[PDB]
Amino acid sequence: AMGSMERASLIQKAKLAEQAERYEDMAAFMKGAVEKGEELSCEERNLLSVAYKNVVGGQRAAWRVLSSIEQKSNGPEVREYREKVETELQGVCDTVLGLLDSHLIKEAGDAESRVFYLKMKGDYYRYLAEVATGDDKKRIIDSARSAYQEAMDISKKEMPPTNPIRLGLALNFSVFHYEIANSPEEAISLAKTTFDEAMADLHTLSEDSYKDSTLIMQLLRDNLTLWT
Amino acid sequence: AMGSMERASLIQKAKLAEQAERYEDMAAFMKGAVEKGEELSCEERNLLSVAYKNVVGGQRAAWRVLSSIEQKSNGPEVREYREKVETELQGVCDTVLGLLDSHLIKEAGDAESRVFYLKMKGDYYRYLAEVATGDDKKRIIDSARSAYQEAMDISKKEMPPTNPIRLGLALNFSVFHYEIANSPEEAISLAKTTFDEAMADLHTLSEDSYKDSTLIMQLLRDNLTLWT
Amino acid sequence: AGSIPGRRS
Amino acid sequence: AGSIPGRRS
Ligand SMILES: *Cc1ccc(S(=O)(=O)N2CCC[C@@H]2C)cc1
Ligand SMILES: *Cc1ccc(S(=O)(=O)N2CCC[C@@H]2C)cc1
Ligand SMILES: [Cl-]
Ligand SMILES: [Cl-]
Ligand SMILES: [Mg+2]
Ligand SMILES: [Mg+2]
């Protein structure tokens, strides 16, 4: 839909859409920018992720409201409308997954980009798993696990334990273990080891890097407090 | 788009969409319900108004963010994107106005319904006036004024001065005077007279009606405090 | 200046 | 359980 707009204009409009809290537009501009075929810079990768996380986040919140009403009720209307929201959510996740597969991951050679995209791949399969119930729910869970695991393997080899991508990957993989994979002990172990290894590396950081790493470490701690 | 869904199912789904904060869906369900051709009950009129007020409210907030960025900048991107949001906003207002004209107003004979729909008509022309700059900005302002004035004339003849529709109409007409018509003294006079006449009628009300009327009177007071 | 909300909050 | 936000708040 965006093929006639310049890449740089799509990027500029995604930034304006974020400022205006127009996240559907933001996601469409960043999809158009990815489809230009060039690799994304760090800031552009964040724009793509912010846009889709906000769109899918609103869908997930709505699906949870509707699923709760449906479970309490158990005419066809609540199920029909939950199904409509669910299909829309699945379509957004499939769109993001398709961008990652065509061709962001295969062109990502640096650790920072490859880990970021594989974390995204894990996240969007995790959102598919949250609504899955059919013949492929196990398979969707394995797809999330596999993407997160490859990202973890690269991050542990190539990034320091305070790197914010590495920390956010570990946070989200721990949520996957707790909420999707029925592995609360693995979730707790991952969050604790990640927190402790980051703490031991904080001395190497500048003030601004310290603020970024400690912000994510606090999220790990908040989950550990909820889980223990 | 909703022609194959039962009226009652559209109403039920609009209520679910409100609960899920899916206001675009809510508006589409209520448009489908209006297009069934039957008159709307009081609760259905509120569903229609809530849905569109939330959709247009988000558009207006985004248009204001973009218009502010554009005014500070004075490439084509900020203007182009402000124009895109503006056209979408205008389209929503035109849709609501079209529902009111085909055929909600003409079939509304009771004061409560006719005043409510004419207040809506004033509001959506007011939102058109907020973005208007062209050959018809004066004409759009007059269309808002005319709708609000007809609603005011009926409300003063047919409803008590504490009636919440009458109060909300007067509140919004006062905002029209202050923000659109460049008539701050008319805005202040209308808000003060409305407040004082409602105060003098509070003694007639039950506890629940008192709570509704005093809530709107506080909004009138909040504007008077900002304007004076 | 605030206009009317649609629902009691 | 909270997952990661996209922006510093
Ligand atoms: C214009 C308007 C819309 C709704 C109402 S209300 O339903 O009576 N209500 C909602 C919040 C404020 C008021 C009490 C009144 C006027
Ligand atoms: C998955 C992920 C996304 C963003 C970041 S960040 O840009 O470095 N950032 C945003 C808020 C938290 C963190 C500091 C890290 C991981
Ligand atoms: Cl590359
Ligand atoms: Cl009638
Ligand atoms: Mg389904
Ligand atoms: Mg225009």
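Hydrogens, waters and symmetry mates are skipped; everything else that's a heavy atom, side chains included, is used. So you know, we letter chains A, B, ... as the sequences are listed, proteins then strands, and number each from 1.
Taking a cutoff of 4.0 Å between a charged side-chain nitrogen and a carboxylate oxygen, A:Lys156 and A:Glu197 do not qualify as a salt bridge. Under the 4.0 Å criterion applied to side-chain N and carboxylate O atoms, A:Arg114 and A:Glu158 are not assigned as salt-bridge partners. A salt bridge links B:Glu83 with B:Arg79: at least one charged nitrogen is closer than 4.0 Å to a carboxylate oxygen. One finds a salt bridge joining B:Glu18 and C:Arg7 here, because a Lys/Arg side-chain nitrogen approaches an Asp/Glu carboxylate oxygen to under 4.0 Å.
Rounding to the nearest 0.5 Å places CD of B:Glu77 at 8.5 Å from CE of A:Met5. To the nearest 0.5 Å, atoms OH (A:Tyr124) and CG (A:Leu97) are separated by 9.0 Å. To the nearest 0.5 angstrom, B:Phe176 atom CZ is 11.5 Å from B:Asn172 atom CG. One distance of note links CG of B:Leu167 with CD1 of C:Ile4; it measures 8.0 Å at 0.5 Å rounding. Distance check: A:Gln12 CD to B:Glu80 CD gives 9.0 Å after rounding to the nearest 0.5 Å. Rounded to the nearest 0.5 Å, atoms OG1 (A:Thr204) and CG (A:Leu202) are 7.5 Å apart.
Residues A:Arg166 and A:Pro161 are in side-chain contact: their nearest non-hydrogen atoms beyond the backbone lie under 4.5 Å apart. Between A:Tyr127 and A:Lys53, some side-chain heavy-atom pair lies under the 4.5 Å cut-off. Proximity of B:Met2 to B:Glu35: side-chain heavy atoms (C-beta onward) are nowhere separated by under 4.5 Å. B:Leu215 places none of its side-chain heavy atoms less than 4.5 Å from the side chain of C:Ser9. With a 4.5 Å cut-off on side-chain heavy atoms, B:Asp222 and B:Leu219 count as touching. Residues A:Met199 and A:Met217 have side chains in contact (heavy-atom distance under 4.5 Å, counting atoms from C-beta outward). Contact annotation: the side chain of A:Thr162 never approaches that of A:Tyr210 to less than 4.5 Å [non-hydrogen atoms, C-beta and beyond]. The shortest distance between side-chain heavy atoms of A:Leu100 and A:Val96 falls below 4.5 Å.
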Residues D:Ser3, A:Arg126; criterion side chain to side chain contact (heavy atoms under 4.5 Å, CB included); working and verdict: CA-CA 11 Å; D:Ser3 60; A:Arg126 167 162 63 87; 4.0 Å; yes

Candidate pair A:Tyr148 and A:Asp123, rule side-chain hydrogen bond (donor to acceptor under 3.5 Å, both in side chains), full reasoning: CA-CA 8 Å; A:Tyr148 283 136; A:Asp123 284 345; 2.6 Å; yes

B:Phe29 and B:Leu47: CA distance, side-chain angles, deciding distance, side chain to side chain contact (heavy atoms under 4.5 Å, CB included) verdict: CA-CA 10 Å; B:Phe29 292 136; B:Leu47 292 168; over 6 Å; no

Trace of the side chain to side chain contact (heavy atoms under 4.5 Å, CB included) decision for A:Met30 with A:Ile11: CA-CA 7 Å; A:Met30 288 310 304; A:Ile11 297 296; 3.5 Å; yes

Trace of the side chain to side chain contact (heavy atoms under 4.5 Å, CB included) decision for A:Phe173 with A:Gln149: CA-CA 8 Å; A:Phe173 195 20; A:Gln149 188 58 241; 3.8 Å; yes

Full working for side-chain hydrogen bond (donor to acceptor under 3.5 Å, both in side chains) between B:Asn74 and B:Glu70: CA-CA 6 Å; B:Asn74 298 331; B:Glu70 184 183 14; 4.8 Å; no

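Between B:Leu99 and the choices B:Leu40, B:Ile105, B:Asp94, B:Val34, the side chain to side chain contact (heavy atoms under 4.5 Å, CB included) rule is met once, by B:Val34. Between A:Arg7 and the options A:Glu39, A:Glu38, A:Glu44, a salt bridge (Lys or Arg N to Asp or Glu O under 4.0 Å) holds for only A:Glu44.
Taking both residues in full, the closest heavy atoms of A:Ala33 and A:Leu10 are given as N-CD1, 3.7 Å, listed atom of the first, atom of the second, then distance. The two residues A:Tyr23 and A:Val50 come nearest to each other via the heavy atoms CE2-CG1, 4.3 Å. Here the closest heavy-atom approach between residue B:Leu190 and residue B:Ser174 is recorded as CD2-N, 3.7 Å. Contact detail for A:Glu6 and A:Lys36: the closest heavy-atom pair is C-CE, 4.5 Å. Taking each heavy atom of D:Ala1 and A:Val175 in turn, the nearest pair found is CB-CG2, 4.3 Å. Heavy atoms only, all atoms of each residue included: B:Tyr117 and B:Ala108 are closest at CD1-CB, 3.8 Å.
With hydrogens and angles ignored, the 3.5 Å screen pairs no side-chain donor or acceptor of A:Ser209 with any backbone N or O of A:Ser206. Using modelled atom types, no side-chain atom of B:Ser146 and backbone atom of B:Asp142 make a donor-acceptor pair closer than 3.5 Å. Under the 3.5 Å distance criterion, the side-chain polar atoms of B:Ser67 are left unmatched by any main-chain donor or acceptor of B:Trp63. At least one donor-acceptor pair under 3.5 Å links the side chain of A:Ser155 to the backbone N or O of A:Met152. The closest donor-acceptor contact from the side chain of A:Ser68 to the backbone of A:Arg64 lies at 3.5 Å or more, if one exists at all. Judged purely by atom type and a 3.5 angstrom limit, A:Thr225 uses its side chain to pair as donor or acceptor with the backbone of A:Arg221.
Side-chain N/O atoms of A:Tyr81 and B:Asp25 include a donor and acceptor closer than 3.5 Å.
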